[PDB]
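Below: one structure, written as structure tokens.
We did not get these values from a lab; they are worked out from the coordinates using the rules stated. Cβ placement follows ideal geometry from the backbone for every residue including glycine, while neighbour counts extend to all protein chains displayed.
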Amino acid sequence: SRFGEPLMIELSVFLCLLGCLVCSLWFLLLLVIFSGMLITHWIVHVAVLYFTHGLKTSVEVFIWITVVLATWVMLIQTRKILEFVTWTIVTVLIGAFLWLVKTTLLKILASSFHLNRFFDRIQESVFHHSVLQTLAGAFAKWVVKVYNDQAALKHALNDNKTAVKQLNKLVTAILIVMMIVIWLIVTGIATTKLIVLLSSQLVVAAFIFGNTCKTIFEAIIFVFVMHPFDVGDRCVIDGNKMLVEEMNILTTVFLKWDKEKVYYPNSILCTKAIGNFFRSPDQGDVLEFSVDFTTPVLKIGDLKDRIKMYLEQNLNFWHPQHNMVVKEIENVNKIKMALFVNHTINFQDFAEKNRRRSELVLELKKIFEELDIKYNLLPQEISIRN
Amino acid sequence: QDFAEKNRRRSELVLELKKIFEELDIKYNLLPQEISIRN
Amino acid sequence: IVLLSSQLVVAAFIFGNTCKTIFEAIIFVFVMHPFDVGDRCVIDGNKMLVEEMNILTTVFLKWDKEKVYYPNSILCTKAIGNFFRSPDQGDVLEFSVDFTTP
Amino acid sequence: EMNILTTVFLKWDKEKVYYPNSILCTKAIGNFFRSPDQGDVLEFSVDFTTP
Amino acid sequence: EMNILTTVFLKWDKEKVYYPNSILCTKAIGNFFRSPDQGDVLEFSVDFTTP
Amino acid sequence: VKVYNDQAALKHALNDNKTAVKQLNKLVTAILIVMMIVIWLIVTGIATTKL
Ligand SMILES: CCCCCCCCCCCCCCCC(=O)O
Ligand SMILES: CCCCCCCCCCCCCCCC(=O)O
Ligand SMILES: CCCCCCCCCCCCCCCC(=O)O
Ligand SMILES: CCCCCCCCCCCCCCCC(=O)O
């Protein structure tokens, strides 16, 4: 596991000049320009940071084609051949448009997923590594924590890139297919019988792949929009405290307290209430106990006072705020009580939580012995027959 | 809305009930058990 | 125009159910409006403080401050208690005494 | 209170509860207000040997 | 064995069990083979007066 | 003889994890054949439009 483990190449400038040289008069000059008009788009782009760098090339294609179609329209059985060509160009532009849309949406999703959530953890990681580099020119525990946190960020970053690439493949594939169909029908190539068969194929597919498409969509919303947890977070699902090992579109992989690896479908996880200790504020806890009904109220008062002193001597572990609650009188034999305390940590480090609680439980033991707090069973009257 | 406060007030009432039972000598006892001994 | 409309129909067929869910969540948040941020609510016996409200999810803190994310698509079908909006509340102390108590 | 989408109830300890009509309408609902005089039961036990 | 419609498993007592994949598709599945070294717990109790 | 018996055991151990693929192949092929029948009927013009 990742967590829990024990020459032509640069001839474009020249090519562009050669293309310009192609005409100096007349009507076909725009058509000729199209052959190397990409250079013009590149220059326009130069003339025109995450989105900018990632999208400029998609924009260039879109506008490039738009111009080619516009000049084509204004340029002019060759009669039917040209109708065909015109529509082919239109289809190509539609394709580029959709391409641009697709790219944009994935860039938004991919970026906002992390940029608006853990920017600050990245900066903390950089800081600590700068410090380690400087130092080189409980210390060891600190050093290990710094490396483990960096690894966690690397894993989150890689899983996001992967998930987005998977989305990219699904969308690209459907986009390509629909563009083929669009081309065939707008150009007039497909005939009535072909339209009928394509129509049927789509309808049938709509049923077959219906649940699949819905499931993927819901999984995307769960993972990227709701985002109840990240990689490495300790989460609670139906009472199971589990560490998130990996996130994917269809599944989330978790490690149980005993490090069993669990594959948990997102289509199920989407309907559950999910806890997240990593994202929690300092967490609290409870120690329940019972005392005899005859315990003097003064000993109850001494118990409260002794507990307060303990907690105040250990402020690295406990917040000063606590409550002692008397809850119930059972028969006239038992008083049920509970101690409510506040930890100075959240529970991402579960073992540390238990160690601190364990000491508090032993302190309670000690206080009861010193104050002579006891619990007795009710007496039983016996009658003897011979 | 404030649970800690609710419980503090309730705890005092529970301890008052304790006090009243002691002052009025109110008790609970288990049913007697008859034993036959065959040695 | 026809081709565009045709695909909207197909998309509806396939994703209409997720859109339905989002819409239902909108009605829960803005029309039913069972709670606000900072209120203590009771869901399935769990007394939780509302920390954040969103369209798709509600974030709550449990008594031990564990942060919990509930889909609104689930809260829409539950009965929700709200202590903030409640009038003065009552309580019970149960006990038992000997039969022979005068 | 009553509304179209949800009914609001108070429990015996007066917490206020929002209860969707979409779930409430599939439950059997008792109504004490509309009820006739109601009955009750005291259960108890005695020794077998009681004459 | 694995097939498209069903998965065949052996229980600890080697009973052969046939699961529809359509139901496994909705379950959380543990996999020991793929797991890192696993941990364990021994629970016990002692007298309160143990020093 | 041990070498050949071990070779056989290994070939089976490896082939046992590919049974789902073989099943998918049969399914895909059946679909593909049907698609080609339909294509033949249409591309040669033998089918008419009412049918
Ligand atoms: C259902 C159509 C495919 C869905 C999109 C591609 C896969 C999305 C990611 C899900 C996890 C699959 C890849 C990891 C498998 C593994 O554990 O080796
Ligand atoms: C009719 C549905 C179409 C829109 C599909 C996109 C998903 C709905 C809008 C998401 C709004 C943000 C939800 C809260 C996210 C958060 O928990 O921070
Ligand atoms: C999908 C549309 C839902 C809106 C139509 C129903 C109108 C609201 C019904 C009452 C429930 C909300 C209470 C609002 C307060 C009020 O106006 O009395
Ligand atoms: C060709 C369509 C048949 C309908 C059933 C769909 C699955 C294709 C057939 C592959 C076999 C599925 C597993 C059954 C167990 C076995 O083969 O022994």
Lone unmet requirement of (1) in contact with a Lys or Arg (Cβ under 9 Å, 6 or more places away or on another chain); (2) acidic (D, E); (3) more than 10 Å from chain D (Cβ to nearest Cβ) for C:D91: (3)
For E:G30: the one exception among (1) part of a loop (DSSP other than H, G, I, E, B); (2) of a type outside the set (A, V, I, L, M, F, W, C); (3) at the interface with chain A (Cβ under 7 Å from one of its Cβ atoms): (1)
From the options A:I221, A:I237, A:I195, A:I249, residue that is away from ligand 3 (no atom under 16 Å from the Cβ), more than 29 Å from A:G275 (Cβ to Cβ) and not charged (D, E, K, R): A:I195
Number of the exception - E:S35 against (1) more than 11 Å from chain A (Cβ to nearest Cβ); (2) surrounded by 10 or more Cβ atoms within 10 Å (Cβ to Cβ): (1)
From the options A:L157, A:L167, residue that is within 30 Å of A:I94 (Cβ to Cβ) and surrounded by 14 or more Cβ atoms within 10 Å (Cβ to Cβ): A:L167
Count of the stretch A:290-317 residues which are within 23 Å of A:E370 (Cα to Cα), out of contact with any strand residue (DSSP E or B) (no Cβ under 6 Å at 6 or more places or on another chain) and of a type in the set (F, W, Y): 1
Among the candidates A:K272, A:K259, residue that is away from ligand 1 (no atom under 16 Å from the Cβ), at the interface with chain E (Cβ under 10 Å from one of its Cβ atoms) and of a type in the set (K, R): A:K259
The stretch C:47-58 - residue that is away from chain A (no Cβ under 11 Å) and under 11 Å from the mean Cα position of the chain (by Cα) and, of those, nearest to ligand 2 (Cβ to nearest atom): C:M53
Strands (runs of 3 or more DSSP E) contained entirely in the stretch A:312-386, each with at least 2 residues that are within 14 Å of chain B (Cβ to nearest Cβ) and under 28 Å from A:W257 (Cα atoms): A:334-343
Members of the stretch A:180-202 that are within 23 Å of A:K169 (Cα to Cα), within 11 Å of chain C (Cβ to nearest Cβ) and either in contact with a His (Cβ under 9 Å, 6 or more places away or on another chain) or surrounded by fewer than 15 Cβ atoms within 10 Å (Cβ to Cβ) (or both): A:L202
Options A:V164, A:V196, A:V203; residue that is under 29 Å from the mean Cα position of the chain (by Cα) and part of a helix (DSSP H, G or I): A:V164
Selected residue (criterion: farthest from ligand 3 (Cβ to nearest atom)) from residues of the stretch F:21-51 that are within 27 Å of E:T6 (Cα to Cα) and of a type outside the set (A, V, I, L, M, F, W, C): F:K22
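Table: residues versus (1) among the acidic types (D, E); (2) more than 14 Å from chain D (Cβ to nearest Cβ).
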position: C:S5; (1), (2): no, yes
position: C:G16; (1), (2): no, yes
position: C:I22; (1), (2): no, yes
position: C:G45; (1), (2): no, no
position: C:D64; (1), (2): yes, yes
Enumerated strands (runs of 3 or more DSSP E) restricted to the stretch C:1-96, each holding at least 1 residues that are among the charged types (D, E, K, R) and surrounded by 19 or more Cβ atoms within 10 Å (Cβ to Cβ): C:40-43, C:67-71
Residue check for A:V262: farther than 26 Å from A:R357 by Cα and β-branched (V, I, T): yes
Condition check for E:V46: in a loop (DSSP other than H, G, I, E, B), more than 10 Å from chain A (Cβ to nearest Cβ) and away from ligand 3 (no atom under 16 Å from the Cβ): yes
Residue, surrounded by the fewest Cβ atoms within 10 Å (Cβ to Cβ), within the stretch D:5-22, restricted to residues that are in contact with a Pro (Cβ under 6 Å, 6 or more places away or on another chain) and in a strand (DSSP E or B): D:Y18
Test: A:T295 is within 14 Å of chain B (Cβ to nearest Cβ) and assigned to a loop (DSSP other than H, G, I, E, B): yes
Scan of the stretch A:97-148 for residues that are outside any helix (DSSP H, G or I) and aromatic (F, W, Y), ordered by number: A:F118
The stretch C:52-75, subset more than 13 Å from C:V37 (Cβ to Cβ) and among the β-branched types (V, I, T), residue nearest to ligand 3 (Cβ to nearest atom): C:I55
